[PDB]
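Enquirer: Can you look at this? It's an experimental structure, sequence on top.
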Amino acid sequence: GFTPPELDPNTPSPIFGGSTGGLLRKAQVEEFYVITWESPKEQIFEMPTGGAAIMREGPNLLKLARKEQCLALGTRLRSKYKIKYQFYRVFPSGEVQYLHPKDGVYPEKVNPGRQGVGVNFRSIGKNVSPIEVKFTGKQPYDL
Amino acid sequence: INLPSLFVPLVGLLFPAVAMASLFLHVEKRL
Amino acid sequence: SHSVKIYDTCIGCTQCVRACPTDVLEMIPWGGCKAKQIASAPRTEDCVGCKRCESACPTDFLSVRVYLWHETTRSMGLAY
Amino acid sequence: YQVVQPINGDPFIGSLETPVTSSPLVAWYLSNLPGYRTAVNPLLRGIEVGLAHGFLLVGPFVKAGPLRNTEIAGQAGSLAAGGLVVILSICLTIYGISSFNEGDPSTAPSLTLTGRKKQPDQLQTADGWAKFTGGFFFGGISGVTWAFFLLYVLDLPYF
Amino acid sequence: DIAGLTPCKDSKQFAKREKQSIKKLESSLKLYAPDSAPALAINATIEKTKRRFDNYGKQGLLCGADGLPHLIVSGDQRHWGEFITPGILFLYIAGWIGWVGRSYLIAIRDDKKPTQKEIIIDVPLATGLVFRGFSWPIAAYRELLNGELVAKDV
Amino acid sequence: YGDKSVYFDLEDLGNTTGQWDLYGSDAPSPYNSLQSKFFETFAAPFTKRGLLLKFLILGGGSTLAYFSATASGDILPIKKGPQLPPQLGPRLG
Amino acid sequence: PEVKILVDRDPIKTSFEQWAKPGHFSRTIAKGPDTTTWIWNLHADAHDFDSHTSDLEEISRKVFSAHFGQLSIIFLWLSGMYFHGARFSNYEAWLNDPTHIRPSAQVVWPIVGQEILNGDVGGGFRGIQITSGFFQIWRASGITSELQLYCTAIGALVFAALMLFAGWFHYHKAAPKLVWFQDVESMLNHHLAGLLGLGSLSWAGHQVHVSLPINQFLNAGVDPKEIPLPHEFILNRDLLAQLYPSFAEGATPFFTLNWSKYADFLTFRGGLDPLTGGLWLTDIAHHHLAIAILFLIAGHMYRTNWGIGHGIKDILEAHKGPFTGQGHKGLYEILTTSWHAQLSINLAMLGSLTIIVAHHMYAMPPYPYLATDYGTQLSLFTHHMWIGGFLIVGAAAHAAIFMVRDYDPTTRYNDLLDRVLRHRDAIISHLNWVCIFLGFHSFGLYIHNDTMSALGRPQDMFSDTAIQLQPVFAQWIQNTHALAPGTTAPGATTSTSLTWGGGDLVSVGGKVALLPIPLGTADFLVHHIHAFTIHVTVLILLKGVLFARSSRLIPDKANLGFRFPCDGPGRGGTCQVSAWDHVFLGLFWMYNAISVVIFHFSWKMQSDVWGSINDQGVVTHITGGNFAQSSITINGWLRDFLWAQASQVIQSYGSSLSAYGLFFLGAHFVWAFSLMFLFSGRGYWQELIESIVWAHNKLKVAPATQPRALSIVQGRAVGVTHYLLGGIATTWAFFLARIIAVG
Ligand code: CLA
Ligand code: CLA
Ligand code: CLA
Ligand code: CLA
Ligand SMILES: CC1=C(C/C=C(\C)CCC[C@H](C)CCC[C@H](C)CCCC(C)C)C(=O)c2ccccc2C1=O
Ligand code: SF4
Ligand code: SF4
């Protein structure tokens, strides 16, 4: 069921000159993200944190401090260029966790192997009044 | 001997120091 | 963690999914409409509470709702 | 030839390498400071730091104080420095109390600038920090007294 | 009299104000040629000021301790000229305006592109409609009685 | 890590996340042992967190209390008091 | 490669088709409107040509003809000024006696009693005293009759017509194409040499033949109607030879290179004319001559068609060093394909220039009888300060627009821009620290002074008598300037100004034109306040520019566009995270800075320079040096400046300065009104308009264009514009009423 690709260190990363928008202490102590793509040729692309970098012909692996920054770079790579990307989340443990695209197909394309999470079978106008859930820990929408 | 001479520094200088040190200590670490 | 809910008025346009910055939403099979599709929120632990998804919902009222809730460092979008 | 390089050659860590940040003499100087003397007992570093800071606090307090014109200018300003150094110690002790615990290891980095292991700096522990702040306070009162002894108690030609 | 005020024509402070006002303008007329443009203009406004005070006196206004003509709006019939007849005139004119606007809005509400006739006025239709405001009171009364002034269904 | 172009390796996350110490010395105590043995013997009783905090607070408190309850008139005009007769208010006084 | 005129014939046919259609340029607008928001959008994007299309050629053609339209508007304004000076003025009476008659070139019609505004300005005339300083310009140009003013007004009218026609022509009949605009070498060659070089040479030619002799005659005391007409000075030359003997040789000195034989009317005196209180005209003529020579040579630097010259690309890409990589390589391609880059550069430079102009004009009064006309001086300084500030803020606005819309490292890559984008965080952090430090050590000194004074401890205060903060550098510099003439500028007799020193007070008609301005502790404090405010507004604007494309907060800020409300209340709240919002603040801080600057100027001038001279040489100033001791605490500003100076405007009612009192109160009102837009949000207003719409629908009177509350950005725009209008207008009224009453 779509064994996710395993992160391959020794994959080169784009030619960058350095920036003050890179990683910080949060990447040291809690987590950071890593995105990979494959680059038909060596080109210039705008970095989601600073200026411009040069993606190498062949595997490109970039480490960002925010998942949102990764998805932004992924969107730019995917529609301005035509490049398929995947990103992971790395903990200070040395664990990696394949993040996107979760089940091999982009989420804008329906896949028959996904379950419904957080779906309510009613229209939004049929939530109970807050008075109905007073003094119980539940929220009227979580129902 | 002049009672203000003692209570106005202690309540204006010491007491906020002690209270704020203690309240910072209480608010800013995990139990 | 903010809480995102999907309601059955969803027409499965998928514009909201294509709008979210953090890949919280998804498209899943269904039978209640002509697209046989509906939006799911399996990864709300990454939701920043941006609510771009609500501005992309063409239904009235909305079919995708974001209720801001307890904050995490993921929820607050902090890089430090 | 280019002067500014990414840190240690890693272009995805949020910082750079420049003259002010990383030129030979400025690195040697910063490394030769008590705060960055990692392999030294924290109490002596606190002593050196506290003595230097205490001496400094006497300079402006006395000259810029409200009793500068009065004959007790020296006594007054020096006493104010003692009040300030003690307040700094209170800030230091409560910081160490809030941010550290005895059963926990040092939060300092284990790696050097070359990728070699090294003993984590003990100043970032609980009692390492306690020894450091004790030394700092002892040094700070000693510095204020030393600076306060030099002028007023002894003529000694200044300005 | 009413509210302790006194008829400006017989008040003393009202006169004193008139004489003081007239006095300063006369000073402005001086230091110039006796029959110059500026001097002629100053004279004109002096006569205008005298006419305004006499007109106030003639109309029977009420003056207080400052000599300023106070206005009574309680409904006393000696004073309808101060508020109530101007009020009826205003209500007439404002009903004219509002009724013409409402008439226009109703008339253009039936096209496919009604907003087109709102950012760009149909002036022929507007000029056909403006003069119904003249009879707006009767029209509005009969529309209320008909029950068609207020939209039902809302 | 640092093999020509790569900068990412799971085995050494700290190097990858820049967990360096850019200025620490890793050198021996520059202070002579004799001097070290003089300080850490006299400055020892001040290195207990709760002890130092409590003593600091209370000692400084009584310090301030004594120095202000027994300040002389030439230090604070607030304790010297007025030296002139008082004026009268616009009507009262 | 070579440069030529390149045109296109009849690109758009003049027609009334699109006038009938509202927002033809915007596809969405063209169709029509569903709600009230459509009307606001129509105006907000009328002149944003680079979004109506994507063709650079069309953008630049539109820009060219819009410039023509603006020039026409300016000419119409000038002709209106000249005509009002010709017909509804007392310019001739003022010309007979300058320092007793008050200039005024506007009268009002006696409609509702407003003729009280026709005050006594002297000269058998009743009008509104003007502060434009136009009378001084006309006198310095040699204009003695109102026939000359009439001729000038009509000439400017036909020039406005010509400009409007050229605007129509160069857009609908003969519109240039892109390669014509993208030629900047020849454009610079022509603007340096042709517009500024020939322009200033032509003006020096005017002053040599018209202003110099006519002003000589006027200063000799001749009745203005007994003066020869200017053309006589050209026909009969011995008329000039009498005033200026060395007009006898007649241009042979210019070719013998015996230029010293011209020393008569081409001087290097410096200082002021003791008779008129302005600069020597024989100095201004020499100045414009030298300026002309300089610009005429300078417009020959860039290569156009004949090999000689400089390629701007070569000059740019020759400059690079070890700190900046390949700097300046690729800027020529950036500055010739994006109008916003050029616009922001030019706006920054023009604002800087306007403020320099204000300073130099207050310090070295160029026009006769200008220095002792205190109202004109104050108004000119204040007006130019405001204009400069607004332009400088617009510079930042358009730098941000460039960064968002036109910056592209894929096709147009520059190194320096990239490096600054790469260490923007260091830049902004250090600017932040500087702002904080400067704010503590300038305003903190004022707060310390206020409490030291309120605790009855003036000895502890930061003042000239307790704790001196003397600006030793400014004092040293101005003493160096005072000693300059004869020591290190040997050809000058007087120092370039009288604020430097040397004594030599100059007065005119019993009023003080100029005297040495002393710098004490209060000057130190207020100068550091100025530095602080400028640094903070720079921080806001630079932070907006550097972080316009992306940040650590929202990683794709450019996709949201240059101007937008927010991206939801996520990540904690992203209200005003856009570049446009940064400009909105900068305007607030620009207002603060310029307000403090003009207050400083006005108080310092009314306290240490202006005033009345007397028979012994005793100078009583407007305020007896109350700036040196009262300006050091905020209570002094509130009491001695605002409360004291404010009394003039409050008592204006019942006189001819009543309009200033009215504008004072009205500006207070509109300023307070702005706060309704600046403190609230559009959600409340939409919800209220909902029930108002209900009330209308109940009576079949609801409109079809659905009324919406304003956009979030529009509400901020309405709030900031009203705020600025209110504040600037109340300061305007206060200044004018005060300086016209006490001046
Ligand atoms: C709410 C009532 C109240 C208020 C507003 C004040 C206010 C003031 N008192 Mg005071 N006082 C009070 C009650 C109060 N007192 C009572 C009931 C007593 C006992 C009879 C005293 C005895 C007292 C003395 C001896 C002196 C003052 C003095 C002062 C002045 C200096 C400030 C100070 O030193 O704090 C007050 C110092 C104290 C020792 C007060 C302690 C007694 C109260 C009950 C403490 C309450 C603390 C409580 C836990 C917190 C309450 C919560 C709330 C107030 C926030 C100040 C204006 C000094 C002065 O005269 O200034 C010139 C002075 O020397 N007070
Ligand atoms: C057809 C025009 C028209 C008519 C008949 C009415 C009628 C009414 N309005 Mg309304 N209004 C109008 C236009 C109109 N309005 C416009 C253009 C605005 C935008 C400023 C408003 C804003 C407005 C508000 C905020 C409120 C009302 C309210 C009301 C009700 C109370 C009276 C009042 O206080 O009005 C007030 C009148 C104004 C605020 C300004 C009126 C604008 C001019 C005078 C009318 C325009 C005429 C039109 C342009 C002419 C076209 C004619 C055609 C030949 C071209 C009343 C039924 C109040 C209400 O809710 O009652 C409970 C109320 O709170 N109106
Ligand atoms: C000696 C030649 C010359 C002169 C005098 C000017 C003068 C001017 N240019 Mg221009 N320009 C020139 C050559 C020249 N240019 C060349 C060679 C190019 C590139 C091919 C350009 C391209 C250019 C552009 C793109 C723009 C200007 C603009 C301007 C105006 C700037 C605004 C100003 O300062 O107002 C000062 C006001 C005056 C000096 C009033 C007098 C106006 C006189 C009559 C102008 C006549 C000069 C003109 C070149 C005559 C030739 C046209 C002829 C066939 C009729 C100004 C009038 C701006 C503009 O168009 O404003 C509308 C602008 O957008 N110029
Ligand atoms: C040579 C100067 C210059 C030029 C050519 C431009 C040109 C442009 N600017 Mg700009 N700007 C400038 C200076 C300039 N600016 C300065 C000095 C500032 C600082 C305030 C700004 C700040 C600025 C901002 C914030 C923005 C622009 C924008 C724009 C673009 C669209 C403008 C538009 O159509 O809006 C329409 C014009 C109006 C709606 C006029 C508004 C009326 C004003 C606010 C009232 C003025 C009151 C009046 C003076 C007195 C009161 C009158 C009343 C009482 C009757 C356009 C290309 C906009 C853009 O999006 O760029 C792409 C944009 O948002 N500019
Ligand atoms: C008052 C206010 C409004 C309401 C302001 C509105 C609706 C503007 C009103 C414009 C005029 C008054 C209405 C248009 C009038 C028409 C032109 C008709 C005029 C015809 C004659 C009366 C002249 C907001 O929408 C808003 C939004 C965001 C923050 C603050 C605020 C805010 O403070
Ligand atoms: S709030 Fe933002 S991140 Fe969360 S689901 Fe909506 S658009 Fe996506
Ligand atoms: S935009 Fe709204 S209706 Fe469309 S798929 Fe998303 S949640 Fe459903």
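Expert: Sure, I can see it. Numbering: from 1, shown residues only, chains lettered A, B, ... in the order given. Ligands and ions are numbered 1, 2, ... in the order given.

Enquirer: mind checking how far the spatially most central residue of chain D is from chain B?
Expert: For chain D, residue D:49 is the residue whose C-alpha lies nearest the centre (C-alpha atoms, centre = their mean; 4.4 Å). According to C-beta to the nearest C-beta, to the nearest Å, residue D:49 stands 22 Å off from chain B. Yep, even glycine has a C-beta here, placed from its N, CA and C like the rest.

Enquirer: Put the alpha carbons of the host helix or strand of that residue into PDB.
Expert: Assigned by DSSP states H and E, residue D:49 belongs to helix D:42-64. Output in PDB follows, covering the C-alpha atoms of helix D:42-64 (Å, rounded to 0.1, in the frame of the first residue of the first chain):
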ATOM      1  CA  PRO D  42      31.800  27.600  37.100                       C
ATOM      2  CA  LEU D  43      32.600  29.300  40.400                       C
ATOM      3  CA  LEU D  44      35.900  30.900  39.200                       C
ATOM      4  CA  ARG D  45      34.300  32.100  36.000                       C
ATOM      5  CA  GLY D  46      31.500  33.600  38.100                       C
ATOM      6  CA  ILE D  47      34.100  35.300  40.300                       C
ATOM      7  CA  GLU D  48      36.000  36.900  37.400                       C
ATOM      8  CA  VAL D  49      32.700  38.000  35.800                       C
ATOM      9  CA  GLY D  50      31.200  39.300  39.100                       C
ATOM     10  CA  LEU D  51      34.400  41.200  40.000                       C
ATOM     11  CA  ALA D  52      34.500  42.900  36.500                       C
ATOM     12  CA  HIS D  53      30.700  43.800  36.600                       C
ATOM     13  CA  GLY D  54      30.800  45.000  40.200                       C
ATOM     14  CA  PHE D  55      33.700  47.400  39.600                       C
ATOM     15  CA  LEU D  56      31.900  48.800  36.500                       C
ATOM     16  CA  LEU D  57      28.500  49.500  38.300                       C
ATOM     17  CA  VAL D  58      30.300  51.900  40.700                       C
ATOM     18  CA  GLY D  59      31.500  54.200  37.800                       C
ATOM     19  CA  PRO D  60      28.200  55.700  36.600                       C
ATOM     20  CA  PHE D  61      26.000  55.400  39.700                       C
ATOM     21  CA  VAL D  62      28.200  57.700  41.800                       C
ATOM     22  CA  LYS D  63      29.000  60.400  39.100                       C
ATOM     23  CA  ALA D  64      25.500  60.500  37.600                       C
END
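
Enquirer: so how far is the helix or strand just after it off the chain centroid?
Expert: The C-terminal neighbour of helix D:42-64 among helices and strands, as given by DSSP H and E, is helix D:73-99. Relative to its chain's centre, helix D:73-99 lies at 13 Å (C-alpha atoms, centre = their mean, to the nearest Å).

Enquirer: Next SSE downstream of helix D:73-99?
Expert: Next along from helix D:73-99, by DSSP H and E: helix D:126-148.

Enquirer: Tell me the buried residues in that following helix?
Expert: By neighbour count on 16 or more other C-beta atoms under 10 Å in any protein chain shown, the buried set for helix D:126-148 is D:126-145, D:147-148.

Enquirer: swap in stretch G:49-56?
Expert: G:49, G:50, G:52, G:56.

Enquirer: what's in contact with that stretch?
Expert: Residues from elsewhere that reach stretch G:49-56 (C-beta atoms under 8 Å, 6 or more residues apart in numbering or on different chains): G:25-26, G:45, G:58-59, G:62-63, G:178, G:337, G:339-340, G:405-406.

Enquirer: Try it again at 7 Å.
Expert: Applying C-beta atoms under 7 Å, 6 or more residues apart in numbering or on different chains, the contact partners of stretch G:49-56 are G:25, G:26, G:45, G:59, G:62, G:63, G:178, G:337, G:339, G:405.

Enquirer: close to ligand 3, is it?
Expert: No - judged by C-beta under 6 Å from any ligand atom, stretch G:49-56 stays clear of ligand 3, getting no closer than 13.6 Å.

Enquirer: ok, longest helix in the chain?
Expert: You didn't pick a chain, so chain A it is. helix A:67-79 (DSSP state H).

Enquirer: not what I meant, chain F
Expert: Scanning chain F for the longest helix, with DSSP H as the assignment, gives helix F:49-69.

Enquirer: Run the contact check for whatever helix or strand comes next after it versus chain G.
Expert: Beyond helix F:49-69 on the C-terminal side, the first helix or strand identified by DSSP H and E is helix F:77-80. No - Helix F:77-80 lies out of reach of chain G by C-beta under 7 Å from any C-beta of the partner chain, never closer than 8.9 Å.

Enquirer: mind saving the C-alpha coords of helix F:77-80 as CSV?
Expert: What follows is helix F:77-80 as a C-alpha-only set of coordinates in CSV (Å, rounded to 0.1, in the frame of the first residue of the first chain):
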residue,chain,number,x,y,z
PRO,F,77,14.9,66.2,52.1
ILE,F,78,11.8,64.2,52.8
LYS,F,79,13.0,63.6,56.3
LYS,F,80,14.6,67.0,56.8
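
Enquirer: circling back to that earlier point, can you lay out the contacts of stretch G:49-56 as CSV showing neighbour count, distance to residue F:18 and secondary structure?
Expert: What follows is these, written out as CSV (neighbours: other C-beta atoms under 10 Å in any protein chain shown; distance: C-beta to C-beta, whole Å; DSSP: H, G, I helix; E, B strand; the rest coil):
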residue, neighbour count, distance to residue F:18, secondary structure
G:25, 18, 51, coil
G:26, 17, 49, coil
G:45, 16, 46, coil
G:59, 20, 45, helix
G:62, 18, 51, helix
G:63, 16, 48, helix
G:178, 17, 48, helix
G:337, 16, 39, coil
G:339, 20, 42, helix
G:405, 17, 35, helix
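
Enquirer: Identify the residue spatially nearest to residue G:193, adjacent ones excluded.
Expert: residue G:299 (2.4 Å; C-beta to C-beta, 6 or more residues apart in numbering or on different chains).

Enquirer: can you tell me which residues contact the one you found?
Expert: Per C-beta under 7 Å, 6+ apart, neighbours of residue G:299: G:189, G:190, G:192, G:193, G:194, G:197.

Enquirer: Now do residue D:102 against ligand 4, distance only.
Expert: 58 Å (C-beta to the nearest ligand atom, to the nearest Å).

Enquirer: quick one, phi psi at that residue?
Expert: phi -60, psi -40 (degrees, to the nearest 10).

Enquirer: That one: neighbouring residues, count only.
Expert: Using other C-beta atoms under 10 Å in any protein chain shown, residue D:102 has 9 neighbouring residues.

Enquirer: ok, now which ones touch it?
Expert: Here residue D:102 is in contact with D:126, D:127 (C-beta under 7 Å, 6+ apart).

Enquirer: let's see it at 10 Å
Expert: D:125, D:126, D:127, D:130, F:49 (C-beta atoms under 10 Å, 6 or more residues apart in numbering or on different chains).

Enquirer: quick revisit: now intersect the buried residues of stretch G:49-56 with the helices, please.
Expert: Checking the buried residues of stretch G:49-56 against DSSP H, those in helices are G:49, G:50, G:52, G:56.

Enquirer: Just give the number of residues close to the nearest residue to residue G:737 once chain neighbours are set aside.
Expert: Residue nearest to residue G:737 in three dimensions, not counting chain neighbours: residue G:660, with 3.6 Å by C-beta to C-beta, 6+ apart. Neighbour count of residue G:660, defined by other C-beta under 10 Å: 23.

Enquirer: if I read this right, residue G:660 contacts residue G:375, doesn't it?
Expert: No - using C-beta atoms under 10 Å, residue G:660 is not in contact with residue G:375, being 11.5 Å away.

Enquirer: if we can go back for a sec, from the ones in helices among the buried residues of stretch G:49-56, which is closest to ligand 1?
Expert: residue G:50 (61.4 Å; C-beta to the nearest ligand atom).

Enquirer: how far away is the closest one from residue G:62?
Expert: 9 Å (C-beta to C-beta, to the nearest Å).

Enquirer: what's the answer for residue G:337, then?
Expert: In terms of C-beta to C-beta, residue G:337 sits 16 Å off from residue G:62.

Enquirer: Could you do residue G:386 as well?
Expert: According to C-beta to C-beta, residue G:386 stands 29 Å off from residue G:62.

Enquirer: All set now, cheers.
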